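Alright, here's a single protein chain in two forms, structure 1 and structure 2, each given by itself as structure tokens.
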Structure 1
């Protein structure tokens, strides 16, 4: 493809990206670095601070899911489940904007989303993190890495792998226009189990890949091997997802009332 076509593609994705995802990285970092006037986020970092933090199940509008009732751990667990469900809907919409996606076999569309969704959620989760913690609730709060790490039994090992990934990933300094293309590359993966027609998917990915490569050269002229460092992140996402699935299995064994949202059960049933 010609550069103009690659630029058009990248601009198209950036626009539909801004329109699918309310909270962008730019808006997230602006909040983390405290360079955006409109109330700073409350820091929840331990039991006593969380209690004071009624930004999850209290004084505001009862939206965040769970409220002590059955421990702080179940709390957070359900909160992420909910954040996960909103992303799936956003990602699903964003995917429909990728040129060629809605023209693929419906079954393959479903498969690509089934496997791509969590890789994308963790990719975007990195935008809400920094070495010390993660933003929670549209940016309305901030839970520390140390605290999440202290949760009881296996619950305390859920976020750490994600923080490790975010730090290395954030080191690449990608912006939303970069991420828009990267995310599309992840969706159009022709190696997902159960795909019916691989070629159409691969052909589209090749063009997205070339678009991304050009985007990075232009957007980050001084960073060597960035294209390769970024694609490398796609195999790291495989490990985070499988590792996460395993832990969800430990919770399922050590807790009779696991209870998962139907959209996630559907996605998680027979994954990898």
Structure 2
């Protein structure tokens, strides 16, 4: 490893992605851990751990997505599902905006950009969800709330089965001890995966992911002295992410097939369309 103008560019690329990553997503991992451990001047998330606390929460948490004027299923599982949909729709936009700040992405074929976003979005979502999770639960409503893992497991089938695989994934992933600087490059690597179905102009994509991959390895070698294999361990995680997405799609089809036509937001349909 060397200090040459190549690596200097790698580091400049890392700072750019980080700077953009910070301003593209609301709740960074650094803030989330702080919240998660009480180390914050911020109030403290309202904890939802049973039905009574869920109800008390819907009153005393100001959810970005509801108004006193709409309804609003009677069934808590469906309501929780709906808030998730809204959060995912927002995250798709934050991810798009972030994708556009990746040097070169915006010059790809516009059709390929769509394809990269379609497949990358949920992988990035689950990657970043881990930042909000510990083994007990997950930050919600931009850290205003915290919903416990066991409360999520107790929602009626099938809904009680959506978050569990994400918690399991998070526990393992959080053990990598990545920080936001690491994560900004990693999620860029995900977006620029040249092996997504239907790409038409793969070469320019691989060239960008290549630089991204160098910026990532340099970053992890600089940032994690006590971690001999972080780069490969992290690449392998891109694999478990694809299976999490796949599993999530198959459960999504228990809904729809067996729910009540409590339908998916069209942006979300778009993404799931001919996914896998």
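Basically, rigid core = biggest C-alpha set you can superpose within 1.5 Å across the two forms. Residue numbers count along the first chain shown, from 1. Shifts are known only where both forms have a C-alpha.
Annotation: the position in 60, 35, 39, 217 displaced by at least 2 Å at CA between the two structures, with the core superposed, corresponds to 60. For residue 70, a C-alpha deviation of 2 angstroms or more is recorded between the two structures after rigid-core alignment.
At residue 250, the distance the Cα travels between the two structures is 0.4 Å after the core is superposed. Legend: core-fitted overlay between the two structures; highlighted is 54 to 70, the single run of at least 3 consecutive residues with CA shifts of 2 angstroms or more.
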